[PDB]
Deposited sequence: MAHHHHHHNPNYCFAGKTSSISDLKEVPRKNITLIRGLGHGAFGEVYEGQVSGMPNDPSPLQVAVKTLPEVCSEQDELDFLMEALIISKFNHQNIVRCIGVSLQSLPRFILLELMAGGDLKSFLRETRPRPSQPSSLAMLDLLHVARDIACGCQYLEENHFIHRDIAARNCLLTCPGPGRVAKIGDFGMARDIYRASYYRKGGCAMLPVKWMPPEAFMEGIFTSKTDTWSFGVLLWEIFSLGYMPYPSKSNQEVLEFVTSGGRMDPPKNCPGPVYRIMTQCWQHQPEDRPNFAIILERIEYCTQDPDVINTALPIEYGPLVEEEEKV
C-alpha cells in the first residue's frame, strides 16, 4: 500500500477511516474523472467516487488524494470525513460545502441588474490565503490554486472559503493550467511556494472579476508568450488599486521578488480596513 509524507511522519491507507458502505446513502448528484454526490452517513457529506472502469494508476491516484486531504488540519482546507475503499465503486467522503465551488458561485452571484460586496470578496481571498499560508508553512505546494478548486460552506454572509481539490499535487507526487502558472513553472517545471503565490494572484483576479476566465480572449500559448514577455492582466472592472497591487506583486517575474503568504494576508487585511476599497461598488451586468 502507498505511503505518504506530510509535515513530518508517514501516513498509511490503514490510517484512513474506513466507513462501512451500509452506513452511506447517496442523495443527489452534485455534478472530471468520476462523480460527486451529496450523501449522508446523520452527517451530511460530499461523496467523490472512483469509476469502476479505471486503470490501476487511477486507483492509486484516488487513494493518494484521500491520504493527502486526510493529513491536513486547517479551517480553510476541506475536511475528509473518511473513505469507503473496500467496496466498489470507491468513495472518498468530504465535508459538504453547500455553497459549491468558488467559480460557479461568483458567476451565479454577480450583482443582478434588477447581492455581494467588496468586503465579501476580500474575505474569500483572505480565507484562501490563510489556507495557502498553512500549506506553505507545512512545505506543501498545491500547484493549482484556482477558483475552480475552492469551495464555499454556504451562499450567504457567513460563508467560509476553503481549498477543496488536490489533484495536481497528487499527480506530481505520483491539460496544464498554464494561465495560473508562473514562467519558471511552465518553462522549467520548477515549483516552489512562490509558484502558489503567482497562482493566488490569478485567483485574486478571478475573484474580483467575479468569475471571468483569466486572460480573456487569449489562448494558452498566447498567454505563455504574453507572460514570458512581461505581459500581465489589467485590473478587473472596478477593482480597487490596493487589490490590483497585491495581484501585480504576486506576478513578479522573479520568484524571490514575490510575497510569501504571510505578507499577502497582511496586505489583504489592510484592504479590508480601507473604506475606499470596501465601499467600492461591484459592476452589474
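No C-alpha positions are given in the record for the deposited-sequence stretches 1-8, 40-41, 52-59, 133-135, 196-205, 317-327.
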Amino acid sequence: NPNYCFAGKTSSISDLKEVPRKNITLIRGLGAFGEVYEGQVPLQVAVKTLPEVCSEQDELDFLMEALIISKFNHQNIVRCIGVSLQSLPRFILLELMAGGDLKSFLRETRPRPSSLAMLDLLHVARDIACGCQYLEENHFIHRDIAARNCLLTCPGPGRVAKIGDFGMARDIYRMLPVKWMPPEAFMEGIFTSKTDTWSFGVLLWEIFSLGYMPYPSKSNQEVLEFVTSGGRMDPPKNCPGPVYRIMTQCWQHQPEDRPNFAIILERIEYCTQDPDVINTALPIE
From here on, numbers count along this sequence of modelled residues.
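Between 180-188 and 120-128, the higher mean Cα B-factor belongs to 180-188. Higher average CA B factor: 43-51, of the stretches 253-261 and 43-51.
Highest C-alpha temperature factor among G201, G100, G82, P111, as the PDB entry reports it: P111. When the C-alpha B factors of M233, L60, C239, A66 are read from the deposited coordinates, the top value falls at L60. In the deposited entry, the Cα temperature factor of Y173 sits in the top third of values across the chain's modelled residues.
Ranked by Cα temperature factor within the chain, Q86 sits in the highest third according to the deposited record. Among all modelled residues in its chain, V243 ranks in the lowest third by Cα B-factor. Ranked by C-alpha B-factor against the other modelled residues of its chain, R159 falls in the middle third. For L16, the recorded CA temperature factor ranks within the highest third of the chain's modelled residues.
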